[PDB]
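Shown next as structure tokens: one chain only, the form deposited in one PDB entry.
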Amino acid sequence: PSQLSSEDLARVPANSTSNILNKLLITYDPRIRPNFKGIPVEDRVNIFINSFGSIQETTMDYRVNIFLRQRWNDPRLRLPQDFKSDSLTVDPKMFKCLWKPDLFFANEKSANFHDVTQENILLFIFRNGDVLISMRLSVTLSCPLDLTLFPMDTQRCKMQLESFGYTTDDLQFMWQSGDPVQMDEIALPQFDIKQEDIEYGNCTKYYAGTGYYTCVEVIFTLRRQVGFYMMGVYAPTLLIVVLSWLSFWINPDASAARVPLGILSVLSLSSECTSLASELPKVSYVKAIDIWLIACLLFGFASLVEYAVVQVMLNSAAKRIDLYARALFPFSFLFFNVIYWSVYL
């Protein structure tokens, strides 16, 4: 319960914080933007990033903890020569009597303030009417991820800052000249952030008849390390395929030896692929890892099939098939690797 002009007599504010703003907040309407019916106001926005992570492919979102700072000019808050100190601090419980821009994030799903011991918001007023507001947030933006080339993929996550109900004719947003987005020394479980965040130009929104709306955009680029999948998933599957070619050098009369070798190589590849179904993300379409696993199964499957060919030709030389398949199965598998790489790189 506060008013810009209310009847109350208190002699204790004497050149204090409380004494000076009440003279400033006389006939001051918080619902009227600065320079009403004139030049639109301009905001300088910079973002400091504290925490980054919790990147999820199930819900396509990621959580960021930020520091947000905005600056503008209010000619109605001139500071005269009567007060000696340059800056003033507004008590955080009473922002309802001051004008602030209506900023919001376009791709925001959930956000909250921080009040661990006090409210983490401050506001300064300078001599020339400049207003500085700084605050701490915990947003949950949305990042659409494309997992087609899943083991080696690059994702671009997006951050947007719009105005809810002011057009470009009244409120415009600007990045700071220097250091608009700053980073810290943190680590990520799977991805790897880059210190090349491009501050994309203003993606001003156009709507059906309402008018233009200002927005500013910053893009983060993420790359995925391939160390675990290349040695834990790729290398074991390569070794089983070599063991499928092992039966070409065994004698054809060993029916009880080549058959269990050819059927246990299929079981090893079948067990390896189905064990990773509970570890890889579920996207319900074909990824780059799934093409490798099914093509390796065909090579193990074709090794046992050709033995049935050579086993029936003998009881009807006919060892030229094993001589031909010795220089054919590794020769055709080499072309698949050249095709599989140099496409995904």
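Note that residue numbering follows the sequence shown and begins at 1. Under this definition, the rigid core comprises the largest set of C-alpha atoms superposing within 1.5 Å between the forms.
Omitted from view is the form deposited in another entry, to which the following refers.
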property	result
Out of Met174, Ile121, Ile250, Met183, the residue that alone shifts its CA by 2 Å or more between this form and the one not shown when the rigid core is the reference	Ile250
Shift of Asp91 between this form and the one not shown at or above 2 Å (CA, core fit)	yes
After fitting the core, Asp74 CA displacement of 2 Å or more between this form and the one not shown	no
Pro101 C-alpha moves between this form and the one not shown by 2 Å or more, core aligned	no
Distance direction in the other entry for the C-alpha atoms of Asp61 and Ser278, relative to the displayed form (3 angstroms or more)	closer
Pair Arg44/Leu21, Cα separation in the other entry versus the displayed form, closer or farther by 3 angstroms or more	farther
